Every structure is written in structure tokens, then in C-alpha cells.
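Take a look at this one chain, the form deposited in one PDB entry, written out in C-alpha cells.
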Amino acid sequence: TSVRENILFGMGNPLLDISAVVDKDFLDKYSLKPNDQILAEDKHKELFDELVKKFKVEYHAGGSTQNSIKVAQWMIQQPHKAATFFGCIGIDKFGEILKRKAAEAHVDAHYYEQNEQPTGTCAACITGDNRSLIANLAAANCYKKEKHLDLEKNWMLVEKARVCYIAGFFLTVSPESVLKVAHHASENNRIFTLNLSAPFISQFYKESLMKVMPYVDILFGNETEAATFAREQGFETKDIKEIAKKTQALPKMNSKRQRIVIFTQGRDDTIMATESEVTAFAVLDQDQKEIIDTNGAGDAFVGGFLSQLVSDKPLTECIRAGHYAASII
């Protein structure tokens, strides 16, 4: 093996995933479309506490960036604490559970804990054939870099790292801290990776997303996200195989590393753009998966891919583990 700890740093919104099995007489209370993912409003406050009661649940350390780092450590059977992760949580039992589920993943998590807000949480409300998801960010959105990421002891773990990845959802929380990490990857010429996460980031956080873009070694994104990203910046093309070209020719601050743009397409090829020219890799099929996680499998692609890049392997092999990873899920 001989891979080393804290070799891959990650950072993002730690969400505590709470799945179970409900019905509808539990959903109509809070009125929720059987298969839809939205954000929690002040009329959903209880829905959390009332999902740990009347329903048998599992507790997984969730959130995109955190999902990707745990899958990267899974494919990283050894050593342990090979991947690190910073985020904000609350000082309540939910955060207690999160701290636990992550160590129980050999992930080296180091959280910014606080009281103001509860630990965030995502709610898996499955009726078997649906996915009503309720997300409440809370604590994940209170991260303070000056009192956590800026501290010597944690910042030294960002130093032990030779690869950084942050899902773009985190730009909605702290671009200043996304930046300190990206910038640093430049100054010490290490790899810094990023996710477009959702089309809304490209449409509504472009200023923050363009500030880090020059400091972005690799870029992860999907079909649609790719699509909207081009729409704004003015690429004109609608051809993904082309967008990957126009984007990756974007002003890259560090010039010592030319960039790689991996645009996934759900389960259907993968478009990589490098300094040379654009190729395309077809996916591993697992046909007629009615259960197909689909949404949230791109997080798994990213972990598997990351697991192979922390060892500087052929991009073709990083993309191989991306499929091994997405999915066991």
C-alpha cells in the first residue's frame, strides 16, 4: 500500500443522513411530494425529531463532500485516516452521532462544533418507491474559517495533504475558506479539485465560482450542471464533448498544471478534457436498477476517482474506480 494519512483533504457541509421507512400519513402532516428533494422551512422543524421516534432508522455520515471522502476511504481500505474532512456541526446528540459514524469510517474528521444552530441533517423518507428528501443545513452553514481552518493544528492537516476536493455546495457557505485551500494548492503546486454540485451554483454563485476557477486543477460536474455552467459564462456549445474543452481552457492561475475536466453523464459515458484532446469513457452497466440511487451516485464516482489520484495513477484508472465506486450504492 504505502499510501499516507491525511493525504486527501476534504471540506464541506456535514449533514447527518436519517433514513427509514415511512408511509404517507407521516408525510401529509408536513405535506411532501413522495419523490422530491427540497430544503427544510420553519414548518418542518419537528420532522427531524419525529423521524427518530416512530420509525426505525439508520444513521450515516452524509453530505456530498463527506460522501465522496468516505467512499474514497472505502476504496482506501488502508491505511486509515488517509482522508481528512472539515465541517461545522452543532453541540447536540445529532453531531455526536455524526462524529461517531465518520470515525466508524476511518475518516479523519475534525469538526467546528457550536451551539447557535443544530447539526444539519438530511431526511430519507422512503416509501419503498420514492425519495422525499428534507435537508436542513443549520450548523453546516455556520463554518468559521478564522476559528477552525485557520488554526495551526487543523491547518497542518491541510498541509499533510497532496489532494484537495470540495464540493461546490460549500461555496454557498464559505468562499473565503474555499479560496485559502485552492490558493494554497497553487502556491505549493498540489492538486485541488472541485464540484459544480448543482446548476444553481453556476447561475447564482458565479462570482464565487469564478474566483476559485483559476485555482481549480480538476473540475467535476455532470451533464446538466455542465450545461448551465456553459450557458452563463458564454460557451455557446451544447455539446458536452465541447464544453469540456472551452471550460478547461479557462484562465488557470498556476500554469505548471494544465487542467482536467471530468463531466459525468449520470450513467452514460464520461467526458474527460485534458491539455491534448477530449476522449470519452463508457460506463459499467448494471441495467434495470429501479433502486438506482442515480442522484448522489456522482458523489460516489468522485470518491473512487479520488482514491486513485492520491497515488498519481493513470486518469483512465481514476475513471475506472469512479465506476467501481458508483455504485455499491
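So that the term is clear: the rigid core is the largest set of C-alpha atoms that superpose within 1.5 Å between two forms. Throughout, we count residues from 1 along the sequence that is shown.
Two stretches are in play, 164-172 and 244-252, and the higher mean C-alpha B-factor belongs to 244-252. In this entry, 17-25 shows the higher mean Cα temperature factor of the pair 17-25 and 301-309. Of all the options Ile262, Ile291, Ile69, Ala61, the entry's greatest CA B-factor is assigned to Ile291. Ranking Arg131, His148, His110, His106 by the C-alpha B-factor listed in the PDB entry places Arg131 at the top. The PDB entry assigns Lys153 a C-alpha temperature factor belonging to the middle third of its chain's modelled residues.
In the PDB entry, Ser202 places in the lowest third of its chain by CA B-factor.
Ranked within its chain, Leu137 lands in the lowest third, by CA B factor from the PDB record. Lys211 sits in the middle third of its chain by CA B factor, as recorded in the PDB entry. Sorting the modelled residues of the chain by their CA temperature factor places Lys180 in the lowest third.
From this point on, the text means the form deposited in another entry, which you will not see here.
Following superposition on the rigid core between this form and the one not shown, the residue from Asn222, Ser174, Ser132, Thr247 with a C-alpha displacement of 2 angstroms or more is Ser132, and no other. Core-superposed comparison between this form and the one not shown: the CA of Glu277 stays below a 2 Å shift. Annotation for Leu196: C-alpha shift under 2 angstroms between this form and the one not shown, rigid core superposed. With the core held fixed, the Cα of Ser19 is displaced between this form and the one not shown by 2 Å or more.
Note on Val107 and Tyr59: their C-alpha atoms are more widely spaced in the other form, a change of at least 3 Å from this conformation. The gap between the Cα atoms of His106 and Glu58 is larger in the other form, by no less than 3 Å, than in this form.
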